[PDB]
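Please read the structure below before turning to the comments.
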Amino acid sequence: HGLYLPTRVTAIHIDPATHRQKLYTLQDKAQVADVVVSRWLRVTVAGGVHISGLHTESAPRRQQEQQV
Amino acid sequence: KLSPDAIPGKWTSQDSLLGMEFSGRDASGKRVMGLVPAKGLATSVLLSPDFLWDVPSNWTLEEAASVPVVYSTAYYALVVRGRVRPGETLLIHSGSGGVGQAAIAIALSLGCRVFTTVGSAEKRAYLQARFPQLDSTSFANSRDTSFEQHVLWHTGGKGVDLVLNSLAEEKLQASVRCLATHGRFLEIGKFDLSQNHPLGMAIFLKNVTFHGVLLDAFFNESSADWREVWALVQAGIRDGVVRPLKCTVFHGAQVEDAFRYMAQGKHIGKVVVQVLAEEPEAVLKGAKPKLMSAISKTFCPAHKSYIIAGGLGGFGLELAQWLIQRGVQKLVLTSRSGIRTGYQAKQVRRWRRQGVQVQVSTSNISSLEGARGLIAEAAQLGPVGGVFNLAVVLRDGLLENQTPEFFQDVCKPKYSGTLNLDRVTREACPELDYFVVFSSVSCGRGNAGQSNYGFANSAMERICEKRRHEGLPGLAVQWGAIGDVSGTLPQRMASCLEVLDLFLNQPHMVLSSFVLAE
Amino acid sequence: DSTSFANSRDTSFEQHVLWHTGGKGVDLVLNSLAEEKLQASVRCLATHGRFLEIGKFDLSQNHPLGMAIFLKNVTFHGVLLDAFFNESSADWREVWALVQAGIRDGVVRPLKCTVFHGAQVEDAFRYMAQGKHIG
Ligand SMILES: NC(=O)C1=CN([C@@H]2O[C@H](COP(=O)(O)OP(=O)(O)OC[C@H]3O[C@@H](n4cnc5c(N)ncnc54)[C@H](OP(=O)(O)O)[C@@H]3O)[C@@H](O)[C@H]2O)C=CC1
Ligand SMILES: NC(=O)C1=CN([C@@H]2O[C@H](COP(=O)(O)OP(=O)(O)OC[C@H]3O[C@@H](n4cnc5c(N)ncnc54)[C@H](OP(=O)(O)O)[C@@H]3O)[C@@H](O)[C@H]2O)C=CC1
């Protein structure tokens with residue numbers, strides 16, 4: 001629980017050509033990309049992007065408590 | 001400076017993780033000292049017998065509190081990991097602290113020579129008094145990188161075999177250069193490791209074993225590998241190696257003062273908080289510890305069953321999540337449709353995986369037979385603890401377009417449902433302890449276009465008032481606007497749940513909570 | 001078995017080991033590969049893992065090593081066998097006894113050999129240099 005922000009990424013690969021190839025239009029005019037997250041392998045792949053070794057660290061709540 | 005989720009294991013409390021070691025009376029009455037992963041600061045602790053030691057008669061329970069953590073980590077780092085052998089030369093940082101003192105006591109017993117670092121001079125004097133074996137050539141300064149020169153000089157430029165490191169940044173890199181061939185580096189600090197700072201691999205051409213030591217793994221896992229450290233500590237206790245440290249005692253009522261004393265950083269030894277005073281009897285076989293005044297907060301038994309009418313709905317699902325965190329392990333959620341969205345399925349599957357005995361029902365509390373059926377299902381799961389009525393069926397509209405049918409439809413879940421729940425609970429629920437119904441500020445202040453909803457909410461309050469005057473539990477919480485799931489700004493679910501935690505303890509019958517705009 | 005093999009020249013052994021181990025990793029890694037391969041191998045370790053390094057290139061170049069791997073309990077070893085010759089005979093007797101026991105228990109089997117006669121030692125060096133030998 002709580003909010004985690006990125007602090008380190010081991011490696012990221014981007015390829016616009018494969019990205020254009022991957023995008024498939026939906027029944028409406030929108031363009032969509034299919035994503036997969038393999039936690040065993042530590043890879044987040046979607047279209048032409050490939051995030052490996054993402055590490056996130058918890059961040060203290062601002063405790064602004066603007067609501068009283 | 002440390003986030004609660006950093007502690008290994010899933011706690012979900014976001015608090016109460018304070019304390020690691022304690023000394024007190026076992027349930028039978030034996031004098032014991034243990035090692036809990038967290039929740040050590042308390043008038044009681046629930047720990048497995050594998051983590052409990054026996055206090056020898058020569059010791060007082062105040063002394064006992066200083067041994068467990070420091071000596072367990074010292075033994076694990078040296079004997080189990082570093083495989084220290086007699087005659088070796090080792091470097092121990094912050095010798096004044098507990099870990100350093102335990103490491104020194106273990107090392108001097110084997111006959112090893114020791115180099116230590118101390119911030120101030122009085123710490124040097126205290127260590128000189130504690131261990132007469134140390135000379136004037138066995139000290140250095142922990143507040144700079146000058147100890148590298150000292151250790152390199154006094155060892156003939158060879159270095160040291162073991163290095164128990166608690167420092168950080170440049171002081172860690174300096175300690176790496178002090179290693180001799182076939183050396184072992186025991187790392188117990190967590191700053192450079194957490195920040196993923198680099199270490200030059202050229203140190204490994206010298207046969208070296210860089211050790212990452214974290215005792216936390218044993219508490220939540222690796223039970224088999226723990227018995228070795230337990231045996232080492234017990235042998236040390238019997239053989240006189242394990243000597244309790246100096247103990248600065250603060251009373252229970254002055255815990256904040258103890259934390260400030262620790263924060264200042266002037267202590268030498270181990271800071272101990274006296275929750276209770278030791279008695280002469282060797283086995284008191286007492287019934288209970290003495291009582292104290294502590295803030296009251298909500299918790300539920302494991303064998304009780306709880307019900308959330310209209311649970312599948314979003315306010316209901318957050319209330320359940322709150323309940324599971326407070327110990328509710330069997331639940332019953334009512335909804336006419338049943339699980340019909342991905343979010344509900346996600347949450348229920350997660351709760352089932354956690355061990356909760358969730359069960360979604362379709363019994364309609366509107367019909368008295370349905371209320372009896374719902375209470376019967378809850379009884380089948382277990383004795384009924386509480387009944388939260390969150391059902392609502394809105395039919396908004398100004399009075400001109402209102403009709404009897406809409407009023408009846410709105411009233412069935414709330415007014416009729418609450419009446420039937422009250423009747424069935426009175427009849428066949430002796431062990432019940434909570435009874436909550438949710439209302440809206442549309443009832444108190446009044447809103448335009450919700451006359452039916454306001455009337456439905458108001459009648460519920462009357463039933464709750466009647467129940468409390470008769471001694472049975474009851475409560476009605478009038479909310480404003482719920483955010484995540486009048487002229488009043490929406491209130492976030494976190495604030496709402498905190499407030500509900502506050503309300504369940506107060507003695508009043510109807511309560512309210514809303515946030516004013518600007 | 002056929003699921004115990006992977007590819008060495010490529011860095012595709014990380015996905016294989018992680019997948020077939022359930023994402024836990026391994027308890028012990030005996031590594032003799034290059035920089036990127038070495039960094040890929042460290043990530044394969046499980047909790048309480050141990051990384052035996054028998055290479056020289058990365059150590060000699062003084063390449064960096066992220067210390068976050070040590071937050072998980074880990075033991076990083078620099079294994080140079082040559083130290084036994086210059087000193088540590090008492091320690092050496094342990095390896096001697098281990099190899100002798102292995103020889104007398106059947107654990108130690110002799111590897112394949114490609115015999116080159118003495119006068120063709122240059123041929124032996126060239127053949128090993130080509131890198132196609134097994135054994
Ligand atoms: N790896 C693991 O899982 C474990 C790690 N440890 C580590 O062992 C070390 C000692 O722990 P513990 O037994 O509690 O010993 P102490 O907390 O008593 O030791 C603290 C030492 O740090 C230095 N210091 C300087 N300023 C402060 C300050 N304001 N507050 C505290 N210390 C200060 C002093 O040494 P000096 O003046 O010489 O700098 C002091 O003696 C810690 O770094 C701890 O994280 C302990 C057990 C388990
Ligand atoms: N959240 C808010 O803004 C505020 C709400 N409240 C009250 O607090 C509670 C918060 O819930 P809320 O966020 O409104 O939830 P929703 O209005 O989103 O959903 C209400 C829930 O009640 C169920 N329900 C409705 N009629 C019946 C019935 N006859 N039998 C069984 N289940 C029924 C619904 O499921 P289904 O439709 O399938 O039956 C649903 O699960 C409610 O009691 C509400 O009246 C008051 C003030 C603030």
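Don't overthink the numbers, they just go from 1 along the chain as shown.
In case you wondered, yes, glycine gets a Cβ from its N, Cα and C as well.
Annotated features in Swiss-Prot:
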BINDING   B:90-107  NADP(+) 1 binding site
BINDING   B:305-320  NADP(+) 2 binding site
MOD_RES   B:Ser3  phosphoserine
MOD_RES   B:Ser13  phosphoserine
MOD_RES   B:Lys123  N6-acetyllysine
MOD_RES   B:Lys123  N6-(pyridoxal phosphate)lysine
MOD_RES   B:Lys190  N6-acetyllysine
MOD_RES   B:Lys266  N6-acetyllysine
MOD_RES   B:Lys414  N6-acetyllysine
MOD_RES   B:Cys496  S-nitrosocysteine
REGION    B:54-282  region 'Enoyl reductase'
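Taking the features listed in Swiss-Prot, we show where each one sits on the structure.
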| residue | record | DSSP class |
| --- | --- | --- |
| B:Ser3 | phosphoserine | coil |
| B:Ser13 | phosphoserine | coil |
| B:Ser96 | NADP(+) 1 binding site | coil |
| B:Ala105 | NADP(+) 1 binding site | helix |
| B:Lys190 | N6-acetyllysine | coil |
| B:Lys266 | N6-acetyllysine | coil |
| B:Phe315 | NADP(+) 2 binding site | helix |
| B:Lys414 | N6-acetyllysine | helix |
| B:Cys496 | S-nitrosocysteine | helix |
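Highest Cβ count within 10 Å among the binding-site residues B:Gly311, B:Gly313: B:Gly311. Residues B:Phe315, taken from the recorded positions B:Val99, B:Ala102, B:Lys123, B:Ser305, B:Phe315, are distinguished by a CB atom under 6 angstroms from ligand 2. A distance below 8 A between C-beta atoms marks B:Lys190 as the recorded positions from B:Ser3, B:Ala102, B:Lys190, B:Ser305, B:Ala309 lying next to chain C. In the shown protein chains, 20 other C-beta atoms lie within 10 A of the C-beta of B:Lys123 (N6-acetyllysine). Proximity to chain A (CB-CB distance below 8 Å) holds for B:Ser3 among the recorded positions B:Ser3, B:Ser13, B:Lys266, B:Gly311, B:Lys414. Taking the Cα of B:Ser13 (phosphoserine) as the reference point, the closest of the binding-site residues B:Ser96, B:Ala105, B:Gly313, B:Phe315, B:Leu319 is B:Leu319.
Within 10 Å of the C-beta of B:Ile307 (NADP(+) 2 binding site) there are 26 other C-beta atoms, taking all protein chains into account. When the recorded positions B:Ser96, B:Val99, B:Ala105, B:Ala309, B:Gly311, B:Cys496 are checked against ligand 1, B:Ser96, B:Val99 have a Cβ within less than 6 Å of one of its atoms. Long-range C-beta contacts of B:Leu90 (NADP(+) 1 binding site), restricted to its own chain and to partners at least six residues apart, with a cutoff below 8 Å, comprise B:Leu78, B:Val84, B:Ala103, B:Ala107, B:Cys112, B:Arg113, B:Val114, B:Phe115, B:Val160, B:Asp161, B:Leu162, B:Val163, B:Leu164.
It is B:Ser13, among the recorded positions B:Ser13, B:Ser96, B:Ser305, whose Cβ has the fewest other Cβ atoms within 10 Å in the structure shown. The Cα atom of B:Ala102 (NADP(+) 1 binding site) lies nearest to that of B:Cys496, taking the recorded positions B:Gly311, B:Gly313, B:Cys496 as the candidates. Among the recorded positions listed here, namely B:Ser96, B:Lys190, B:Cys496, B:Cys496 has its C-alpha nearest to that of B:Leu319 (NADP(+) 2 binding site). Taking Cβ-Cβ distances under 8 Å and a sequence separation of 6 or more, the neighbours of B:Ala309 (NADP(+) 2 binding site) in its chain are B:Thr334, B:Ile365, B:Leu374, B:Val387, B:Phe388, B:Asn389, B:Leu390, B:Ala391, B:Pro413, B:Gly417, B:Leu421.
Reduced to three states, the DSSP call for B:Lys123 (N6-acetyllysine) is helix. Taken residue by residue with DSSP, B:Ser305 (NADP(+) 2 binding site) is part of a strand.
On a Cα basis, B:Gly311 (NADP(+) 2 binding site) lies 61 Å away from B:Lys123 (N6-acetyllysine).
Nearest Cα neighbour of B:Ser305 (NADP(+) 2 binding site) among the listed recorded positions (B:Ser3, B:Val99, B:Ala105, B:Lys190): B:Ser3.
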